[PDB]
$ cat target_17.cif   # mmCIF, C-alpha atoms
data_final
loop_
_atom_site.label_atom_id
_atom_site.label_comp_id
_atom_site.auth_asym_id
_atom_site.auth_seq_id
_atom_site.Cartn_x
_atom_site.Cartn_y
_atom_site.Cartn_z
CA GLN H 262 -149.17 -68.00 -50.33
CA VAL H 263 -146.39 -68.18 -52.95
CA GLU H 264 -146.36 -65.49 -55.65
CA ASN H 265 -143.25 -63.90 -54.18
CA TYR H 266 -141.58 -66.41 -56.47
CA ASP H 267 -140.47 -63.59 -58.83
CA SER H 268 -137.25 -63.05 -56.85
CA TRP H 269 -134.90 -62.56 -59.81
CA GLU H 270 -136.37 -59.23 -61.08
CA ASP H 271 -133.97 -57.23 -58.91
CA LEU H 272 -130.95 -59.52 -59.45
CA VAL H 273 -130.81 -59.55 -63.27
CA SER H 274 -129.19 -56.73 -65.25
CA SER H 275 -130.41 -57.66 -68.75
CA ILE H 276 -131.66 -60.43 -71.08
CA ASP H 277 -129.17 -60.79 -73.96
CA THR H 278 -130.04 -63.50 -76.50
CA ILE H 279 -132.44 -66.42 -76.96
CA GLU H 280 -131.86 -69.77 -78.68
CA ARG H 281 -134.00 -72.77 -79.59
CA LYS H 282 -132.93 -76.28 -78.61
CA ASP H 283 -133.54 -79.63 -80.31
CA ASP H 284 -136.26 -80.60 -77.83
CA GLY H 285 -137.99 -77.43 -79.03
CA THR H 286 -137.23 -75.53 -75.83
CA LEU H 287 -135.87 -72.01 -75.47
CA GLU H 288 -132.58 -71.24 -73.66
CA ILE H 289 -132.13 -67.72 -72.25
CA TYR H 290 -128.71 -66.06 -72.00
CA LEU H 291 -128.57 -63.22 -69.46
CA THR H 292 -126.21 -61.02 -67.42
CA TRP H 293 -126.55 -60.48 -63.65
CA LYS H 294 -126.11 -57.19 -61.79
CA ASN H 295 -122.73 -58.35 -60.40
CA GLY H 296 -121.38 -58.84 -63.92
CA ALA H 297 -121.73 -62.63 -64.13
CA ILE H 298 -123.29 -64.38 -67.15
CA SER H 299 -125.21 -67.65 -67.50
CA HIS H 300 -128.05 -69.39 -69.36
CA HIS H 301 -131.38 -70.87 -68.17
CA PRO H 302 -134.62 -72.43 -69.57
CA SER H 303 -137.38 -69.95 -70.47
CA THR H 304 -139.75 -71.94 -68.25
CA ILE H 305 -137.59 -70.76 -65.31
CA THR H 306 -136.85 -67.13 -66.32
CA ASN H 307 -140.54 -66.47 -67.19
CA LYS H 308 -141.44 -67.18 -63.54
CA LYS H 309 -138.43 -65.68 -61.67
CA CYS H 310 -138.21 -62.42 -63.71
CA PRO H 311 -141.28 -62.05 -65.98
CA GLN H 312 -141.12 -58.26 -66.32
CA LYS H 313 -137.44 -58.47 -67.47
CA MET H 314 -138.56 -61.01 -70.10
CA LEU H 315 -141.44 -58.80 -71.32
CA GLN H 316 -139.20 -55.74 -71.79
CA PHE H 317 -136.89 -57.88 -73.93
CA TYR H 318 -139.73 -59.03 -76.19
CA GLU H 319 -141.11 -55.54 -76.76
CA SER H 320 -137.68 -54.15 -77.93
CA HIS H 321 -137.75 -56.86 -80.46
CA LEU H 322 -140.90 -56.60 -82.27
CA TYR B 266 -151.71 -57.84 -59.05
CA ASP B 267 -152.14 -60.29 -61.96
CA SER B 268 -155.80 -60.84 -61.15
CA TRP B 269 -156.48 -61.57 -64.86
CA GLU B 270 -154.22 -64.61 -65.22
CA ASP B 271 -157.12 -66.91 -64.41
CA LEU B 272 -159.76 -64.93 -66.34
CA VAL B 273 -158.12 -64.57 -69.78
CA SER B 274 -158.21 -67.46 -72.28
CA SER B 275 -155.59 -66.19 -74.79
CA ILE B 276 -153.70 -63.20 -76.28
CA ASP B 277 -154.50 -63.03 -80.04
CA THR B 278 -152.82 -60.10 -81.76
CA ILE B 279 -150.86 -56.92 -81.10
CA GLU B 280 -150.64 -53.58 -82.90
CA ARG B 281 -147.95 -50.89 -82.67
CA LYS B 282 -149.89 -47.61 -82.47
CA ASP B 283 -148.73 -44.33 -84.01
CA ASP B 284 -147.64 -42.80 -80.71
CA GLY B 285 -145.46 -45.89 -80.39
CA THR B 286 -147.56 -47.70 -77.77
CA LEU B 287 -148.77 -51.31 -78.08
CA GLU B 288 -152.44 -52.30 -78.21
CA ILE B 289 -153.32 -55.87 -77.20
CA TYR B 290 -156.37 -57.83 -78.46
CA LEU B 291 -157.49 -60.77 -76.31
CA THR B 292 -160.23 -63.37 -75.55
CA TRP B 293 -161.80 -63.95 -72.09
CA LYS B 294 -162.74 -67.38 -70.70
CA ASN B 295 -166.38 -66.22 -70.86
CA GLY B 296 -166.14 -65.81 -74.68
CA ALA B 297 -165.96 -62.00 -74.86
CA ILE B 298 -163.16 -60.13 -76.67
CA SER B 299 -161.56 -56.72 -75.92
CA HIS B 300 -158.36 -54.67 -76.35
CA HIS B 301 -156.12 -52.91 -73.80
CA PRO B 302 -152.77 -51.08 -73.61
CA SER B 303 -149.75 -53.37 -73.06
CA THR B 304 -149.00 -51.49 -69.83
CA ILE B 305 -152.17 -53.04 -68.43
CA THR B 306 -151.81 -56.64 -69.72
CA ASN B 307 -148.10 -56.82 -68.73
CA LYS B 308 -149.00 -56.51 -65.06
CA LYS B 309 -152.48 -58.14 -65.02
CA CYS B 310 -151.58 -61.32 -66.97
CA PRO B 311 -147.80 -61.54 -67.61
CA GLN B 312 -147.71 -65.30 -68.15
CA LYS B 313 -150.40 -65.14 -70.86
CA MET B 314 -148.34 -62.37 -72.58
CA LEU B 315 -145.15 -64.48 -72.45
CA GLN B 316 -146.96 -67.47 -74.02
CA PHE B 317 -147.96 -65.27 -77.02
CA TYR B 318 -144.44 -63.93 -77.57
CA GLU B 319 -142.95 -67.46 -77.46
CA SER B 320 -145.41 -68.71 -80.09
CA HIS B 321 -144.66 -65.58 -82.12
CA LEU B 322 -140.96 -66.43 -82.30
CA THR B 323 -139.43 -66.77 -85.75
CA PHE B 324 -136.02 -65.48 -84.63
#

$ encode --input "target_17.cif" --output "structure tokens"
Amino acid sequence: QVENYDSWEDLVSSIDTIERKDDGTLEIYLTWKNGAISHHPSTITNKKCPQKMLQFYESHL
Amino acid sequence: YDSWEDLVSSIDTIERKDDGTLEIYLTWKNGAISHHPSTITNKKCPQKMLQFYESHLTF
């Protein structure tokens, strides 16, 4: 049933920077369409807005 | 539409064509190998693509 889990594609404005943490995880810093800014684990952003993440990686190759 | 997520084993390499497009080389769970434009793999198997980019991160 669930695959409509990618609900952040239309809420995010852009992916800004990425950083690696001590536990070896990646932290994603992004900006929302309302102007707000925040950071989240890549294991979350990959599932909520995968196409936004892919565009970021290609312009950074 | 990602009907390839469960059929693809891994993404192996990528090449930036002359016209600027990206060509993706991959391996299927049945052992075969093939290449396809990134516009196809991005929508058919996005999670496999993201795994490749994360392992290809040197900052």

$ resolve_selection --input "target_17.cif" --expression "the PyMOL selection byres ((chain H) within 7 of (chain B))" --output "PDB file with C-alpha atoms, in the frame of the given file"
ATOM      1  CA  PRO H 311    -141.280 -62.050 -65.980  1.00  0.00           C
ATOM      2  CA  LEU H 315    -141.440 -58.800 -71.320  1.00  0.00           C
ATOM      3  CA  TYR H 318    -139.730 -59.030 -76.190  1.00  0.00           C
TER       4      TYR H 318
END

$ atom_distance --input "target_17.cif" --atom1 "CA of residue 317 in chain B" --atom2 "CA of residue 321 in chain H"
13.7 Å

$ residues_around --input "target_17.cif" --residues "range 263-272 of chain H" --least-positions-apart "5" --cutoff "9 Å" --atoms "all atoms listed in the file" --output "list in words"
residues 293, 294, 295, 306, 307, 308, 309, 310, 311, 312 and 313 of chain H

$ residues_around --input "target_17.cif" --residues "residue 279 in chain B" --least-positions-apart "2" --cutoff "10 Å" --atoms "all atoms listed in the file" --output "PyMOL selection string"
chain B and resi 276-277+281-282+287-291+300-303+317

$ write_last_selection --input "target_17.cif" --atoms "C-alpha atoms" --output "short mmCIF file (atom, residue, chain, number, x, y, z; two decimals), in the frame of the given file"
data_model
loop_
_atom_site.label_atom_id
_atom_site.label_comp_id
_atom_site.auth_asym_id
_atom_site.auth_seq_id
_atom_site.Cartn_x
_atom_site.Cartn_y
_atom_site.Cartn_z
CA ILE B 276 -153.70 -63.20 -76.28
CA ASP B 277 -154.50 -63.03 -80.04
CA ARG B 281 -147.95 -50.89 -82.67
CA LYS B 282 -149.89 -47.61 -82.47
CA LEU B 287 -148.77 -51.31 -78.08
CA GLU B 288 -152.44 -52.30 -78.21
CA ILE B 289 -153.32 -55.87 -77.20
CA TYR B 290 -156.37 -57.83 -78.46
CA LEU B 291 -157.49 -60.77 -76.31
CA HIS B 300 -158.36 -54.67 -76.35
CA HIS B 301 -156.12 -52.91 -73.80
CA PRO B 302 -152.77 -51.08 -73.61
CA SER B 303 -149.75 -53.37 -73.06
CA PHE B 317 -147.96 -65.27 -77.02
#

$ atom_distance --input "target_17.cif" --atom1 "CA of residue 303 in chain H" --atom2 "CA of residue 319 in chain H"
16.2 Å

$ resolve_selection --input "target_17.cif" --expression "the PyMOL selection byres ((chain H and resi 280) around 10)" --output "list in words"
residues 278, 279, 281, 282, 285, 286, 287, 288, 289, 290, 302 and 303 of chain H; 324 of chain B

$ atom_distance --input "target_17.cif" --atom1 "CA of residue 280 in chain B" --atom2 "CA of residue 305 in chain B"
14.6 Å

$ resolve_selection --input "target_17.cif" --expression "the PyMOL selection byres ((chain B and resi 294) around 8)" --output "MDAnalysis selection string"
chainID B and resid 272:274 292:293 295:297

$ residues_around --input "target_17.cif" --residues "residue 269 in chain B" --least-positions-apart "4" --cutoff "9 Å" --atoms "only C-alpha atoms" --output "ChimeraX atom specification"
/B:273,306,309-310

$ residues_around --input "target_17.cif" --residues "residue 291 in chain H" --least-positions-apart "5" --cutoff "6 Å" --atoms "all atoms listed in the file" --output "list in words"
residues 275, 276, 277, 298 and 299 of chain H

$ write_last_selection --input "target_17.cif" --atoms "C-alpha atoms" --output "short mmCIF file (atom, residue, chain, number, x, y, z; two decimals), in the frame of the given file"
data_model
loop_
_atom_site.label_atom_id
_atom_site.label_comp_id
_atom_site.auth_asym_id
_atom_site.auth_seq_id
_atom_site.Cartn_x
_atom_site.Cartn_y
_atom_site.Cartn_z
CA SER H 275 -130.41 -57.66 -68.75
CA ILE H 276 -131.66 -60.43 -71.08
CA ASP H 277 -129.17 -60.79 -73.96
CA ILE H 298 -123.29 -64.38 -67.15
CA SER H 299 -125.21 -67.65 -67.50
#

$ build_atoms --input "target_17.cif" --residues "range 267-301 of chain B" --atoms "N, CA and C atoms" --output "mmCIF file, keeping the file's coordinate frame"
data_model
loop_
_atom_site.group_PDB
_atom_site.id
_atom_site.type_symbol
_atom_site.label_atom_id
_atom_site.label_comp_id
_atom_site.auth_asym_id
_atom_site.auth_seq_id
_atom_site.Cartn_x
_atom_site.Cartn_y
_atom_site.Cartn_z
ATOM 1 N N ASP B 267 -151.700 -59.571 -60.757
ATOM 2 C CA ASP B 267 -152.140 -60.290 -61.960
ATOM 3 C C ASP B 267 -153.450 -61.057 -61.739
ATOM 4 N N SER B 268 -154.485 -60.295 -61.408
ATOM 5 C CA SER B 268 -155.800 -60.840 -61.150
ATOM 6 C C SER B 268 -156.549 -61.217 -62.429
ATOM 7 N N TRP B 269 -155.861 -61.210 -63.575
ATOM 8 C CA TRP B 269 -156.480 -61.570 -64.860
ATOM 9 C C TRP B 269 -155.932 -62.883 -65.378
ATOM 10 N N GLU B 270 -154.839 -63.355 -64.777
ATOM 11 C CA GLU B 270 -154.220 -64.610 -65.220
ATOM 12 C C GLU B 270 -155.198 -65.760 -65.312
ATOM 13 N N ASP B 271 -156.149 -65.818 -64.382
ATOM 14 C CA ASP B 271 -157.120 -66.910 -64.410
ATOM 15 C C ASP B 271 -158.425 -66.548 -65.124
ATOM 16 N N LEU B 272 -158.525 -65.336 -65.668
ATOM 17 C CA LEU B 272 -159.760 -64.930 -66.340
ATOM 18 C C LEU B 272 -159.666 -64.863 -67.868
ATOM 19 N N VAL B 273 -158.444 -64.677 -68.357
ATOM 20 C CA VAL B 273 -158.120 -64.570 -69.780
ATOM 21 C C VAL B 273 -157.833 -65.939 -70.400
ATOM 22 N N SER B 274 -158.435 -66.208 -71.560
ATOM 23 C CA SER B 274 -158.210 -67.460 -72.280
ATOM 24 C C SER B 274 -156.920 -67.383 -73.122
ATOM 25 N N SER B 275 -156.794 -66.349 -73.975
ATOM 26 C CA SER B 275 -155.590 -66.190 -74.790
ATOM 27 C C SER B 275 -155.365 -64.765 -75.309
ATOM 28 N N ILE B 276 -154.117 -64.483 -75.689
ATOM 29 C CA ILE B 276 -153.700 -63.200 -76.280
ATOM 30 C C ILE B 276 -153.704 -63.547 -77.779
ATOM 31 N N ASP B 277 -154.333 -62.709 -78.612
ATOM 32 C CA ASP B 277 -154.500 -63.030 -80.040
ATOM 33 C C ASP B 277 -153.703 -62.196 -81.059
ATOM 34 N N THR B 278 -153.593 -60.901 -80.826
ATOM 35 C CA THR B 278 -152.820 -60.100 -81.760
ATOM 36 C C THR B 278 -152.366 -58.826 -81.072
ATOM 37 N N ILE B 279 -151.393 -58.146 -81.669
ATOM 38 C CA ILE B 279 -150.860 -56.920 -81.100
ATOM 39 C C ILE B 279 -150.625 -55.918 -82.226
ATOM 40 N N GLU B 280 -150.851 -54.643 -81.929
ATOM 41 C CA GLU B 280 -150.640 -53.580 -82.900
ATOM 42 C C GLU B 280 -149.781 -52.463 -82.314
ATOM 43 N N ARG B 281 -148.822 -51.982 -83.099
ATOM 44 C CA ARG B 281 -147.950 -50.890 -82.670
ATOM 45 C C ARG B 281 -148.554 -49.553 -83.109
ATOM 46 N N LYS B 282 -149.252 -48.887 -82.193
ATOM 47 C CA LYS B 282 -149.890 -47.610 -82.470
ATOM 48 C C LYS B 282 -148.943 -46.555 -83.035
ATOM 49 N N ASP B 283 -149.512 -45.426 -83.450
ATOM 50 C CA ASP B 283 -148.730 -44.330 -84.010
ATOM 51 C C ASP B 283 -147.831 -43.697 -82.958
ATOM 52 N N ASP B 284 -148.401 -43.410 -81.792
ATOM 53 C CA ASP B 284 -147.640 -42.800 -80.710
ATOM 54 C C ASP B 284 -146.563 -43.746 -80.187
ATOM 55 N N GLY B 285 -146.464 -44.923 -80.799
ATOM 56 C CA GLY B 285 -145.460 -45.890 -80.390
ATOM 57 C C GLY B 285 -145.897 -46.935 -79.374
ATOM 58 N N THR B 286 -147.060 -46.745 -78.759
ATOM 59 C CA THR B 286 -147.560 -47.700 -77.770
ATOM 60 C C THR B 286 -148.035 -48.992 -78.433
ATOM 61 N N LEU B 287 -148.303 -50.006 -77.609
ATOM 62 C CA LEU B 287 -148.770 -51.310 -78.080
ATOM 63 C C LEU B 287 -150.201 -51.557 -77.619
ATOM 64 N N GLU B 288 -151.051 -52.010 -78.534
ATOM 65 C CA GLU B 288 -152.440 -52.300 -78.210
ATOM 66 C C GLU B 288 -152.602 -53.819 -78.282
ATOM 67 N N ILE B 289 -153.174 -54.419 -77.237
ATOM 68 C CA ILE B 289 -153.320 -55.870 -77.200
ATOM 69 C C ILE B 289 -154.773 -56.346 -77.324
ATOM 70 N N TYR B 290 -155.026 -57.267 -78.262
ATOM 71 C CA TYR B 290 -156.370 -57.830 -78.460
ATOM 72 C C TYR B 290 -156.411 -59.231 -77.839
ATOM 73 N N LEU B 291 -157.388 -59.475 -76.972
ATOM 74 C CA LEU B 291 -157.490 -60.770 -76.310
ATOM 75 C C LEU B 291 -158.899 -61.372 -76.220
ATOM 76 N N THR B 292 -158.974 -62.620 -75.735
ATOM 77 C CA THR B 292 -160.230 -63.370 -75.550
ATOM 78 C C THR B 292 -160.379 -63.802 -74.078
ATOM 79 N N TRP B 293 -161.546 -63.558 -73.491
ATOM 80 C CA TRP B 293 -161.800 -63.950 -72.090
ATOM 81 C C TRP B 293 -162.365 -65.368 -72.022
ATOM 82 N N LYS B 294 -162.237 -66.024 -70.858
ATOM 83 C CA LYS B 294 -162.740 -67.380 -70.700
ATOM 84 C C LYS B 294 -164.261 -67.437 -70.830
ATOM 85 N N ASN B 295 -164.916 -66.284 -70.703
ATOM 86 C CA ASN B 295 -166.380 -66.220 -70.860
ATOM 87 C C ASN B 295 -166.800 -65.972 -72.336
ATOM 88 N N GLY B 296 -165.836 -66.006 -73.256
ATOM 89 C CA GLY B 296 -166.140 -65.810 -74.680
ATOM 90 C C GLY B 296 -166.033 -64.398 -75.275
ATOM 91 N N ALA B 297 -166.049 -63.385 -74.413
ATOM 92 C CA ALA B 297 -165.960 -62.000 -74.860
ATOM 93 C C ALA B 297 -164.565 -61.669 -75.377
ATOM 94 N N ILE B 298 -164.452 -60.584 -76.148
ATOM 95 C CA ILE B 298 -163.160 -60.130 -76.670
ATOM 96 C C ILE B 298 -163.028 -58.632 -76.390
ATOM 97 N N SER B 299 -161.805 -58.147 -76.187
ATOM 98 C CA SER B 299 -161.560 -56.720 -75.920
ATOM 99 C C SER B 299 -160.096 -56.383 -76.162
ATOM 100 N N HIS B 300 -159.761 -55.089 -76.161
ATOM 101 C CA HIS B 300 -158.360 -54.670 -76.350
ATOM 102 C C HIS B 300 -157.953 -53.732 -75.211
ATOM 103 N N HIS B 301 -156.656 -53.709 -74.905
ATOM 104 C CA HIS B 301 -156.120 -52.910 -73.800
ATOM 105 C C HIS B 301 -154.656 -52.558 -74.046
#
